[PDB]
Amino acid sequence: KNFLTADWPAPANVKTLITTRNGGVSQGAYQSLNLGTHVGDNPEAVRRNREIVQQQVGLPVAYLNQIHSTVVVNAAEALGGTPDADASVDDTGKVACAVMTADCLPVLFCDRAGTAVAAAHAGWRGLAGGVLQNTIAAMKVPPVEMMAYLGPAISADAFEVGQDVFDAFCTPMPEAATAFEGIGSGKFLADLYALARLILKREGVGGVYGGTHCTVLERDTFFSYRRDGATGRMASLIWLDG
C-alpha cells in the first residue's frame, strides 16, 4: 500500500493518512506522490497528486503555505485562500488538517473522545519556537486527554546541526540537551522525535506515539531534502469522521 495510517489508540472517528512518496504521477526527483507546490515540480502533476489524496480522504484538505512559523489556523477557514501558517485545528469533521514534509517533523493531535484534531509542521524553527504549544492551546481540550503522533521525519542519525540549532532549544530548555549528541567540531546529531516528546510531555500531553521512521534511510518510501535536495513532499493528514 502507498498509504499508511497512524499507529495510536485514537478513537474510531479519528482518521489519519500518512502518505508516502508512492502512488502519484510526478517524475524524477519528485518521484511520484509530490503534494508540494513550492518545490519546483510540474503544477499540473501536483494538482493530480492532491486529487489522488482527496479521493482517499473524502474531504477537502487544508494545505497551508508553510513558512516555518508557529502560527495555527482553523482548518475549516483555511480553504478559501491559502494562509501563511504551519498548523491547523478542527472540531467540525468538515475538512482534513494537513502538513507537508520531507524531513521536518509532522505532528498529529486528537483527544481520546474524538472531538478535536490538529496537524502541526515542526521543522526545528517551529519546534523550538513553540508551534506545538500553540497547537495544543488552539485545540481547547485537556492536554491529559490529548494524544500526539510523531510522523515520518529525519532521524537523529541523519540530522546533523550546529550550535545555533542547539542553543535555540537548550538555552531556554536545558533538558533538551538530552536530545542532542555531540559528534565533534561543534556539530550535533539532533533527535526531533526526542525533542518533540520532551516538549509535548512538558506541556501535559497524555500520550505520544510514532517516531519510528527516518525519511533519509527509507528512500523507497519517503521524500528527503537532506538526501535529495529539490524533491517532493509527502503529507500527514488527520480528520474527524463521525
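Residues carry their position along the shown sequence, with the first being 1.
72-80 versus 87-95: which one carries the higher mean Cα B factor per the record?
Per the PDB entry, the higher value belongs to 72-80.
What stretch has the higher average Cα B-factor here, 1-9 or 231-239?
Between 1-9 and 231-239, it is 1-9.
Just grab whichever of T215, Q54, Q66, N34 has the top CA B-factor as deposited.
Result of the comparison over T215, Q54, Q66, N34: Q54.
Of the three thirds of its chain by CA temperature factor, lowest, middle or highest, which one includes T171?
As the PDB entry reports it, the C-alpha B-factor of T171 lands in the highest third of its chain.
Among the modelled residues of its chain, does the C-alpha B-factor of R112 lie in the lowest, middle or highest third?
Answer is middle: the recorded C-alpha B-factor places it there.
Where does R226 sit by CA temperature factor within its chain: lowest, middle or highest third?
It belongs to the middle third of the chain when residues are ordered by C-alpha B-factor.
Pull the Cα B-factor of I183 out of the PDB entry and bin it into the chain's lowest, middle or highest third.
Its C-alpha B-factor, which the entry lists for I183, ranks in the highest third among residues of this chain.
Report the third (lowest, middle or highest) to which the CA temperature factor of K15 belongs, ranking only the modelled residues of the same chain.
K15: CA B-factor falls in the lowest third of its chain.
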